[PDB]
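There is one chain below, alone, in structure tokens, taken in the form deposited in one PDB entry.
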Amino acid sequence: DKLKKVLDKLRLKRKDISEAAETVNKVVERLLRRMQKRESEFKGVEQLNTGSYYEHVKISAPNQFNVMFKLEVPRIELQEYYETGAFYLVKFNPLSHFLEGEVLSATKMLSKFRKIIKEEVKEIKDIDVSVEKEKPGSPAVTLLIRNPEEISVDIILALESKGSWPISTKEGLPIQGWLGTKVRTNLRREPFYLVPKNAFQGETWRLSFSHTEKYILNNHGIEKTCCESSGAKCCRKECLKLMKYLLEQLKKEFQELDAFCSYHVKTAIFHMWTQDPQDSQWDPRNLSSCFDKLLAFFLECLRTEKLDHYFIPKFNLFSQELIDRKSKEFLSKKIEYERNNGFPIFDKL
């Protein structure tokens, strides 16, 4: 019971999955063909599906989809922004119209990308779909879809580089004692990605490891058979779902928590999965203890004001410059409260 029943509630319905995906795939496919069918500065982008729905940890409803349109760009030089670790300027075609002083401007290229999508969305007459107003500094072009429910799709332009990952990641991805050195070496043989976030704030990109995280979510055990048809279930994803849910419920209720996001939870459980690598440490019979030790770890992160980017160890997602101490102390109070009272926020609608 208890947490088992909560997970029963969070579980997506097969029918809703079917109806959401088919409408999502209609729009995405149409947008994707537009990007190459034309001259178009983004001819050659490929679709990369990412985030919780494609990692099978989406909760409640299939109402948010994350898609990367990635562009392979060769002979790119990276300059780390302000020792931040995650933010870079990039330098040396149709992309000529996006540079400046030899700097590929994230802002300029996102704007044309965005302009294309808006135009194509205008030609869609079979689906009720609009482009959400732009959020400054965001990497996303966000679609809002109606019909069987509200659905949002974040279309994320990404650059794809095939060289060695930037030195700031050298000490990241510390999976050696959990997924192992062969897996780590192979993952770092994959490309890395750059996403037009902006900390020259307008020209900066941010590193993305959404492809690495997806692999990890679907290949998460120390045993190769974890959660496979001839292995045993673990409760790793279910703990992620529960913690995601506690934060979503807390964020709905308290504006004091706007600065928090699900990626903070994702980052925290990557660290917990590294600290507790054995699959037996995530036995489904120990769901409550597992959820609790995740809570305690997350609270220790808040208390110490320290949650390092799992791929970029020096980039503290909980630094003062990013999240006010007051916000972190508010979230500590609310989590400790739910914890010490049987999670009442889990009962509510």
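Whichever C-alpha set is largest while still superposing within 1.5 Å between the two forms counts as the rigid core. The first residue of the shown sequence is 1; numbering continues from there.
There is another form of the same protein, the form deposited in another entry; it is not shown, and what comes next is about it.
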Exercise. Shifts of 2 Å or more in the Cα, rigid core superposed between the shown form and the other one, apply to only one of 150, 100, 253, 223; name it.
Key: 150
Quiz item: Does the C-alpha of residue 122 move 2 Å or more between the shown form and the other one once the rigid core is lined up?
Solution: yes
Quiz item: Has the Cα of residue 186 moved 2 Å or more between the shown form and the other one, judged after a core fit?
Solution: no
Practice problem: Superpose on the rigid core, then tell me if the C-alpha of residue 172 is displaced by 2 angstroms or more between the shown form and the other one. | Solution: no
Quiz prompt | Cα-Cα shift for residue 133 and residue 259, closer or farther in the other entry, minimum 3 Å | solution = farther
Self-check item: Distance trend in the other entry - C-alpha atoms of residue 288 and residue 14, change of 3 Å or more
Solution: closer
